[PDB]
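Have a look at the structure below, then the notes.
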Amino acid sequence: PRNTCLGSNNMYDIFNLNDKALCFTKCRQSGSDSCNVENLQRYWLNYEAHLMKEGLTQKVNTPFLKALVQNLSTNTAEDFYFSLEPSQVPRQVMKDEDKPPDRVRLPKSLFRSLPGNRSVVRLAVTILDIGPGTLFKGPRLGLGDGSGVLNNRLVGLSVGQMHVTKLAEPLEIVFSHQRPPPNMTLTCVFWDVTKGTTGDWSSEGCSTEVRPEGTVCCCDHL
Amino acid sequence: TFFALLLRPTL
């Protein structure tokens, strides 16, 4: 039972995912036998890879991880919108639909930032729930009474299996929340795999606009 | 690429 947290495994089966989802809460700030923090957050980081590897339009819907893999048509001449509603698996929004409070707009500029004249490219929009443990917190927020991933929730995007890409136009991600307390700002970030030891959150190339009913986050990288 | 909003106490 203790062996599941220490070290990662290649298997990302519905059963296996759930087993590793334990660690999210199992791994308290306290030093423990059980948590290989960097191994586990590597595991989760490699999941969106594993989804990209299989060429399948698939939907996952566990109580922690909601994943959407699908294909995007090149030369669409339209910005792709998606519904990052935490309750439900992500779904592409149509032009005539009301825009969701939680959404991600991917500019048409994505194709130019990919090798060769693309016909169709694979997109993998995941929305993972981290929990209160040390996984995907890092040095910056591991501080007591300091800071935290809002809602212990985290939105995964990946297109065409490119680790680091610079985008012509920035992709915006809208997060819907009630105004946080005074003396408590809210800055958005991405998990830079190579920020510190074991990775950490970075605000590099991600401008944060505070809305009444959330925050908008334009990031010029994917 | 994981993405997230981050609460942080005002310095």
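Cβ placement follows ideal geometry from the backbone for every residue including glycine, while neighbour counts extend to all protein chains displayed. FYI, it's all coordinate maths here, none of it is from the lab.
Report the gain in length on full extension from A:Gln161 to A:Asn71: 0.36 nm times residue separation, minus Cα-Cα distance, nm rounded to one decimal. Mind showing how you got there, number by number?
Values: separation 90, 0.36 × 90 = 32.40 nm, distance 1.31 nm.
Once the chain is fully extended between A:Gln161 and A:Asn71, it gains 31.1 nm.
For the stretch A:215-222, in order, what is each residue's ³J(HN,Hα) by Karplus, 6.51 cos²θ - 1.76 cosθ + 1.60 with θ = phi - 60°, in whole Hz (x at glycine and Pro)?
Couplings: 9, 9, 9, 8, 10, 8, 9, 9 Hz.
With +1 on each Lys and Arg Cβ and -1 on each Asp and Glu Cβ, and nothing else charged, work out how big the dipole of the stretch A:14-221 is about its Cα centre, in Debye to the nearest 20.
Numbers: 23 positive and 22 negative charges, 61 e Å.
For the stretch A:14-221, the charge dipole is close to 300 debye.
Using θ = phi - 60° and the Karplus relation 6.51 cos²θ - 1.76 cosθ + 1.60, list the HN-Hα couplings for the stretch A:163-176 in order, rounded to whole Hz, with x at every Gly or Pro.
My calculation for the stretch A:163-176 gives 4, 10, 9, 9, 9, 4, 8, x, 7, 9, 10, 9, 10, 9 Hz in order.
Can you pick out the pairs among A:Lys20/A:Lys99; A:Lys59/A:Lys166; A:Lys53/A:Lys137; A:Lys66/A:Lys99 whose Cα atoms lie more than 30 Å from each other?
Details: A:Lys20/A:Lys99 34 Å; A:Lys59/A:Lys166 28 Å; A:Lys53/A:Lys137 27 Å; A:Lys66/A:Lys99 20 Å.
Cα-Cα > 30 Å for A:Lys20/A:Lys99; rest within.
Quick check: the angle from helix A:37-53's long axis to the longest principal axis of chain A, C-alpha only, nearest 10 degrees?
30 degrees
Could you tell me which of rounded, prolate or oblate describes the stretch A:55-110, using a ≥ b ≥ c as the square roots of the eigenvalues of the alpha-carbon gyration tensor, with rounded for a/c under 1.5 and, failing that, prolate when a/b is larger than b/c and oblate otherwise?
Values: a/c = 2.46, a/b = 1.35, b/c = 1.83.
Judged from the Cα gyration tensor, the stretch A:55-110 comes out oblate (a/c at least 1.5, b/c at or above a/b).
First select every other residue whose beta carbon is under 11 angstrom from the beta carbon of A:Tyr47; then total the charges, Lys and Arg +1, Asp and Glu -1. List each step's numbers first, then the result.
Numbers: positive: A:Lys20, A:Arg42, A:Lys53; negative: A:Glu48.
Taking every Cβ under 11 Å from that of A:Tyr47, the sum is +2.
From Cα pairs below 8 angstrom and at least 6 apart in sequence, can you work out the relative contact order of the stretch A:1-124, rounded to a whole percent? Each step should come with its number before you reach the end.
On the way: 146 pairs, mean separation 27.4, N = 124.
Relative contact order here is 22 percent.
Cross-link partners among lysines for A:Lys95, C-alpha distance below 18 Å, same-chain residues fewer than 8 apart left out?
A:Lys108
Per residue of A:153-164, how many C-beta atoms from partner chains lie within 10 Å of its own C-beta, taken as a mean?
On the way: counts 2, 4, 5, 4, 3, 2, 1, 0, 0, 1, 1, 1.
Average neighbour count from other chains, rounded to a whole number: 2.
Once fully extended, how much extra length lies between A:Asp19 and A:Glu213, figured as 0.36 nm per residue of separation less the alpha-carbon to alpha-carbon distance? Kindly include the intermediate steps, with their values, before the conclusion.
On the way: separation 194, 0.36 × 194 = 69.84 nm, distance 3.52 nm.
Gain in length upon complete extension: 66.3 nm.
Return the long-range amide H neighbours of A:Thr185 (sequence gap of 5 or more, or a different chain), with a cut-off of under 5 Å between placed amide H atoms.
B:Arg8, B:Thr10
What number, in percent, do you get for the relative contact order of chain A if the mean sequence gap of Cα pairs under 8 Å and at least 6 apart is divided by its residue count?
Details: 387 pairs, mean separation 41.0, N = 222.
It comes to 18 percent, rounded to a whole number.
Going by amide H atoms built from the backbone, whose H comes under 5 Å of the H on A:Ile130, apart from near neighbours?
Excluding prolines and chain starts, which carry no amide H, the hits are A:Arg153, A:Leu154.
Measuring from centroid to centroid over Cα atoms, what is the spacing of the stretch A:95-174 and the stretch A:18-70 in Å?
Computed from Cα coordinates, the inter-centre distance equals 15 Å.
Taking H placed 1.01 Å from N in the peptide plane, check which residues at least 5 places from A:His221 or on another chain put their amide H under 5 Å from its amide H.
For A:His221, the qualifying residues are A:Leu167, A:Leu171.
Diagonalise the Cα gyration tensor of chain A and give the resulting equivalent ellipsoid semi-axes, square root of 5 times each eigenvalue, largest first, whole Å.
Values: eigenvalues 156, 97, 54 Å².
Rounded to whole Å, the semi-axes are 28, 22, 16.
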